[PDB]
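Labels run A, B and C following the written order; every chain starts at residue 1.
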Amino acid sequence: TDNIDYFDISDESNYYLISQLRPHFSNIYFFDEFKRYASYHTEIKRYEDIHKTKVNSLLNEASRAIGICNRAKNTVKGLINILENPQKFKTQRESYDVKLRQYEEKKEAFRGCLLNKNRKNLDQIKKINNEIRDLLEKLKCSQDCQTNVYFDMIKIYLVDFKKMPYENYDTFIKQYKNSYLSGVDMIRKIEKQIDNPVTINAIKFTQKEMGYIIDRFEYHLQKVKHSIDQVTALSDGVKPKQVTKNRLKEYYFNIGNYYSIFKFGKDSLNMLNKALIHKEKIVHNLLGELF
Amino acid sequence: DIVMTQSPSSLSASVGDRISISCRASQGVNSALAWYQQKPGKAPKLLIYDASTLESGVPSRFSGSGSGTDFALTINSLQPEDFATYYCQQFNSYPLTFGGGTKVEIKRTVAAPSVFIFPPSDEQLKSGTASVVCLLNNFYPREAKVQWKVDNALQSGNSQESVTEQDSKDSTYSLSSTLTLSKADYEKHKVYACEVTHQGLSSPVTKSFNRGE
Amino acid sequence: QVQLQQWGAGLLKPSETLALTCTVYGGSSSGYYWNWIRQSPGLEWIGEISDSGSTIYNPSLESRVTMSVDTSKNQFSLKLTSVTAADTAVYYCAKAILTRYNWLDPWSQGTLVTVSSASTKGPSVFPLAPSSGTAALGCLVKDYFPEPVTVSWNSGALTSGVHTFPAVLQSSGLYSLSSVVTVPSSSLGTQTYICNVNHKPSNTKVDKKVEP
């Protein structure tokens, strides 16, 4: 395993998802996308500093918090190779079941670190949310607020969606899940018919790694498709020419949050793509080492 | 400075045909191309952006293809409402470069002209100049020969011909010829005739008037 | 939706300053990227400006272009310097959303800019009366400068069969066009017909009735 960036964790409410890649939060892509919305309204052209004084401060604190867990990440990577490389396994002096117990303890400690050291920043996300709700209030319109920008940003978003190869990922993950369990069932039969446990544990462990990353690939794929399908629906549906300000606020929140999910999943699906590509090359090689 | 070049420069097709204009870029421009349509005496109308995205309300027969270096716009079922000059514009770099344009002249069945002649209005003769105008209404093709006979004498060097662009409803042209004679030269003669010649007319028709009656 | 309305001075003496302005209706003239394109018989991209801070001009005329955005007046203006006959074209302004998404959705109706030192002249409108299948009447707009001139009929009430010809450049230098219309011959007796001629550079507005 060259990199273990594929690990993530969500809060106990399962509402805030933290990733090892910038900006770690979808909410920052929300706030980053608000820098586009605020440029079109001369009535609120004060967010250029707020994005720099607050959103950049929140992002800088988020990057530092992940770096604190880097020492804990290096400990997990060491246990990854001992368990996935039988040649490296034959050097230590404990059983495989004893090494799994050290892996689950170190993994959740690393995943728990990303959440524990970022709890102060997750509470800051809702702070800028209310500031955005308050900042948008300064629009001089009240009952006939313009919706041209709202649909114009959907025009921009649907262009970025065509660069996203969602169909290729679905066929990729379909073959992968078909190839994953097919190799798992083949190991289930060989398990009792040979006597090479050290190599079989490297299979089942790398299979467990694939199974977890597949779960992350399936979740990020569905969240991307949901954002793509919902934003597309707002362009094919009704197009009101002017709505109220309170109605316009949730509009920016609706597409500003959805596009944050798409860009967040685009960063994760790309990373989870190579992670599954790399991890499968381990199992295919490890089975070649069995014959 | 990307140089966009589109071909062909001129194109002629049937009413139910399907045409395809191509646009080639000097350098790679990814999928950043906007296709436009411009009717005579108007502004360019957006049709397709980002190579494949259709603009809202634009007829679906307009098709966009291509990525990187080469692209192509395809009208799939032509219609007299599509006689225009189509352009292609890129926006991967600055300055934004436009294509040369592609005029799409629609071909229709032959139609004979409707000839009308106008004597100079009595207002203009008071100003020392006389303008007699002949009109050819709704005809095809554009080629047409107009001869001006004043008192049995054909004339040259005094006519000005202007023909409209191909119509968007019936794809037919219209031509107006104007003789700018001085009032003295006009006041001497009596018979002014407009002799037209067209492919649809078996015999070259002639409409005329008699001065003062 | 957002509309664009362009206003400015068409006729220009050489070495003067081409100054135009576009006022935005239905939307604010702020973060959007506003472009300027000119067309000479093709489409040349002049420059792009944004309230965000990105302003780019064409290198061929960079040393002479000035752009600005007025958020208070909801307007943005283009400016040309050292104007010559090479700058005679129809000038359009268009809206781009972002600096990487520069397709131009709305265009202004354009301002035909003519660069010449010739004094402006007012057109003469003379009727082309119908005489006695379908009747044909028209108006003759002769001797004017510069382009253009708009001809309508019955303040826009009569539209079908109406034709407006290009203005052939006469040897005197003044332009001249004719506008006609084909109507039923039975309509001649009762229905009146008037053409509306508008040559804005000369401020002249003529409404001539066509009666046999």
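The rule we apply is simple: a residue touches a chain if its C-beta (ideal position, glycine included) is under 8 Å from a C-beta of that chain, and two chains touch if they have at least 3 such contacts.
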Testing understanding: with touching defined as stated, what is the shape of the graph linking the protein chains, line, ring, star, complete or other?
complete
Quick check: more C-beta contact pairs in B-C or A-C?
B-C
Express in whole angstrom the distance between the two chain centres, defined as the mean CA positions of chain A and chain B.
57
Please compute the C-alpha centroid of chain B, do the same for chain C, then give the distance between them in whole Å.
18
Centre-to-centre distance between chain C and chain A (centres being mean Cα positions), rounded to whole Å:
54
Which residues does chain A have that touch at least 2 chains other than itself?
159
Hey, what residues on chain C touch two or more of the other chains?
101
Indicate the residues of chain B shared as contacts by at least two other chains.
49-50
Which bits of chain A are touching chain C when the two form their complex?
36, 39-42, 45, 146, 148-149, 152, 155-156, 159, 241
Listed in rising order, chain A residues that touch chain B in their complex are 158-159, 162-163
Residues of chain B touching chain C in the complex
1, 32, 34, 42-46, 49-50, 55, 87, 89, 91, 94-101, 114, 116, 118-121, 123-124, 127, 131, 133, 135, 137-138, 160-164, 174, 176, 178, 180, 209
Residue positions on chain B within touch of chain A in the complex are 31, 49-50, 52-53
Help me check something: in the complex, which residues belonging to chain C touch chain B?
35, 37, 42-45, 48, 56-59, 92, 96, 100-105, 107-110, 124, 126-129, 131, 133-134, 136, 138, 140, 142, 163-168, 170, 176-178, 180, 182
